[PDB]
Amino acid sequence: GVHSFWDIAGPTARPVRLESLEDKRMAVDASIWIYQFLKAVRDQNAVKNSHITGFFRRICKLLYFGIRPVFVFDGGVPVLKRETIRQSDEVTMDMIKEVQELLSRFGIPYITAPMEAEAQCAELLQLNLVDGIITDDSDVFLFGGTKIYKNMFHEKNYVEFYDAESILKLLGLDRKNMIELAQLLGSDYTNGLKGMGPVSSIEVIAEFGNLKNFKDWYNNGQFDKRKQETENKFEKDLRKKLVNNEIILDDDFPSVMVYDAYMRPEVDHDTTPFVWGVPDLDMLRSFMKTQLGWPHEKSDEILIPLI
Amino acid sequence: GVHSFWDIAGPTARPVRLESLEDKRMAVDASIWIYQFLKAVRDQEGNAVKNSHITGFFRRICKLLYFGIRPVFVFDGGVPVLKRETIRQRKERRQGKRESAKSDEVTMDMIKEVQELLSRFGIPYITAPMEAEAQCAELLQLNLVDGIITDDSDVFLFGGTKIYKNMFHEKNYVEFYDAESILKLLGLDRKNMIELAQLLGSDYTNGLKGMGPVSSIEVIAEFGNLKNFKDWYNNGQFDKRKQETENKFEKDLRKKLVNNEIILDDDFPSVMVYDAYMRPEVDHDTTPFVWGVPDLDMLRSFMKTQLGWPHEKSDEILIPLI
DNA sequence: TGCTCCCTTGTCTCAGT
DNA sequence: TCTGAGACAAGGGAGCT
Ligand SMILES: [Ca+2]
Ligand SMILES: [Ca+2]
Ligand SMILES: [K+]
Ligand SMILES: [K+]
């Protein structure tokens, strides 16, 4: 995601009762689930099979509210994202195969994005293969995503609904703005600028319109001492802070590389509608028995009301 | 003062009403008044309004006399070298001076003027050999005064106590601090405080990056002193097994010290810092101060001359006070 | 290879002391 | 060359007048 972006976007959120989600097709961004379950479920070191337990719980929550989910997994890691993150617990191919086997037995379709899952999710919604995106990753907006359902897996009666239109109307931010805002705040595709947090990054986009103007202002004022004498409080304070943080803004700011990565992510344009099956009780018993030692009786009480 | 020391000491404070101070002899640390007035009282343009030192000293004298306090004013003499060097570093640092690799003045005339003003009020004053706070502590110790009025936390490090803080905020009360309440409630004595300053910073030392009020207090409490703290840092340096057997406090503290690239060298703790606070240059004279009565005729003309106040304007304020 | 929340700290600026 | 409070931001660790 973009650092601090959820705080910025938060006040545009609207609460949606889960029951309204019945029969809705939702793209589910599952890209980091296995890793998170690994880190978050431990003992008195990581619990074995937390990926099975974790997926099972959430799949159940989705089906309980009659959501039709399509799961999305990461393909590869884009170069810009490697380079950025290039500045104990591992996700094995088995873990992935297992949760995928689990989804198939639930009758739930899944895909592996060519690259980032959030990017693929936005694509699914653009092609009308889904009606909404379930994700907690704020990168999704920069990839074109709207109709975002955040906090699906907190224990709450509701979920937070975000859309690009509300962001545009309430914060003045369009997609290009959010992409430029990322280069102040930081994201997986850029380190942003040291000293620029949610308050001043928003002020910069609002006062300067775009990073080109912001940079020209910065560079021009550094050159011409007379231009500085006319500067207001916002500019004067901002200038000092940037120089103190050793900020240099050159030819590669804003980044065309960063702009491309968000505007043209590698995605699958396939328009085949997803197929939702039914949970297979017999195969789900044997799966939970094999993997967790759940007696069929135990799977039954949970699964039978869901079918 | 010591950075953040008032945040640390604050909760041991006792709120005290001015009327409880009637007839008390109070040392007044006036060492930065003129400068503060110069900086805090400004033009619509942005300049210092002329003679704010006279206006400032005047209003504060009136508050003291109003509550029947018998003040003796204490001014700085020299500036100790250690204090001099650190202050220029802070000045340059905040002007923007890069410190590592990439990735309005007070004139003798102003002093003479506020001193003539005190004399015409009948109020005694002295000039300390060096720091005014240290001389204030010595006056109390010698029973030449009953309390100390200052906002500078260094006073405790110079052995002061019975400190009346925020006397000149525009408020209905004042905050009282003393050495014993601090020792009882915080476990801090004079030597502890002198070592805290080397973590937190003061006019005599830069302190350690990453050490704020919370961590500094914990270091003093957990290690007792800076020698033990330095010894602990140095002995668990490359013992990877001992570092596993360090509790949470030590483990986190070691990592923070490492992250902040902290070096504790042979001058840590500092003998020189210890001496500046323990043995400051003070005047041990035991002669009692003499309080006089305010001279209306001389105050009238003084205010006339320095501020253009008509006599009746001075009378309206001074007469009820007299 | 994750996240958000909370705690602590650094830095700066305006108004007051 | 001041003080004091507040706003903003960086970073770490725990637990999911
Ligand atoms: Ca992402
Ligand atoms: Ca001092
Ligand atoms: K930033
Ligand atoms: K410090």
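Naming: A, B, ... by sequence-line order, numbering from 1 per chain.
Remark: side-chain polar atoms of A:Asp137 are paired, donor with acceptor, to backbone N or O of A:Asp139 under 3.5 angstrom.
Centre separation under 5.5 Å together with a plane angle under 30° holds for the ring of B:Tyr35 and the six-membered base ring of D:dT1, marking them as stacked.
Using cut-offs of 30° and 60° for the angle between ring planes, the B:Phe5 and B:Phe156 rings count as tilted. Under the 30°/60° scheme for interplanar angles, the aromatic rings of A:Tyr110 and A:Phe73 are found to stand perpendicular. Under the 30°/60° scheme for interplanar angles, the aromatic rings of B:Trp33 and B:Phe168 are found to stand perpendicular.
A:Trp6 comes within 4.0 angstrom of sugar-phosphate atoms only, judged by non-hydrogen atoms across all strands, and of no base. Among the protein residues, A:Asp136 comes within range of no part of the nucleic acid, since none of its heavy atoms lies under 4.0 Å from any strand. Counting any heavy atom pair closer than 4.0 Å across all strands shown, B:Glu170 reaches sugar-phosphate atoms only and no base atom. B:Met167 comes within 4.0 angstrom of no nucleic acid atom, judged by non-hydrogen atoms across all strands. When heavy atoms are screened at a 4.0 angstrom cut-off, B:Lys165 is found touching the sugar-phosphate backbone but no base atom.
When distances run from any side-chain atom of B:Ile32 to the nucleotides D:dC16, D:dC2, D:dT1, the shortest one goes to D:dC2. With distances taken from any side-chain atom of A:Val91 to the nucleotides C:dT1, D:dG13, D:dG4, the minimum falls on C:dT1. Candidate nucleotides D:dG13, D:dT3, C:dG2 were compared by shortest atom distance to the side chain of B:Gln36, and D:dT3 ranks first. Residue B:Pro213 has its side chain nearest to C:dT9 when only C:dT9, D:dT3, D:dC2 are considered. Across D:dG13, C:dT9, C:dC14, the shortest atom-to-atom separation from the side chain of B:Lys256 is found for C:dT9. Across D:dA9, C:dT9, C:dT13, the shortest atom-to-atom separation from the side chain of A:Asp237 is found for C:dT13. The nucleotide whose nearest atom lies closest to any side-chain atom of A:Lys39 is, among D:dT1, C:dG2, D:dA14, C:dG2. The side chain of B:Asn259 approaches D:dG12 more closely than any other nucleotide in the set D:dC16, D:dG12, D:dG4. Of all nucleotides listed (C:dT1, D:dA14, D:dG4), D:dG4 comes nearest to the side chain of B:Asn166.
DNA chain D is contacted by both B:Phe168 and A:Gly197; A:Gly197 maps to the nucleotide lying nearer its 5′ end (nearest heavy atom per residue). Comparing A:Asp7 and B:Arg60 against DNA chain C, the residue whose closest nucleotide sits nearer the 5' end is A:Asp7. Nearer the 5' end of DNA chain D, as judged by each residue's closest nucleotide, is the contact made by B:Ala40, out of B:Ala40 and A:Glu203.
Atom-to-atom, CD of B:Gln89 to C1' of D:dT1 comes out at 15 Å; the value is rounded to the nearest Å. Straight-line distance from the CG atom of A:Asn232 to the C1' atom of C:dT13: 15 Å, rounded to whole Å. Note: CG (B:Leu38) to P (D:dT3) measures 15 Å, nearest angstrom. We find that CG of B:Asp152 is positioned 13 Å from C1' of D:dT1, with the value rounded to whole Å. Regarding B:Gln95, its CD atom lies at a distance of 16 Å from the P atom of C:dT11, rounded to whole Å. Separating the CD atom of A:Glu118 from the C1' atom of C:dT1 is a distance of 13 Å, rounded to the nearest angstrom. For B:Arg254 and D:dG13, the CZ to P distance is 14 Å, given to the nearest whole Å.
Within the 4.5 Å cutoff, no side-chain heavy atoms of B:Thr55 are placed close to those of B:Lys50.
Checked against the 6.0 Å centroid threshold, B:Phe229 and B:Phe223 count as a close aromatic pair. Proximity of the aromatic rings of B:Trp6 and B:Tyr177 is defined here by a centroid distance below 6.0 angstrom, and this criterion is met.
Proximity of A:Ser200 to the phosphate of D:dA9: a side-chain N or O atom is located under 4.0 Å from OP1 or OP2. Regarding contacts with the backbone of C:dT13, a side-chain N or O of A:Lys240 is found under 4.0 angstrom from either OP1 or OP2. Listed pair B:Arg42 / D:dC2 fails the phosphate criterion, with no side-chain N or O lying under 4.0 Å from OP1 or OP2.
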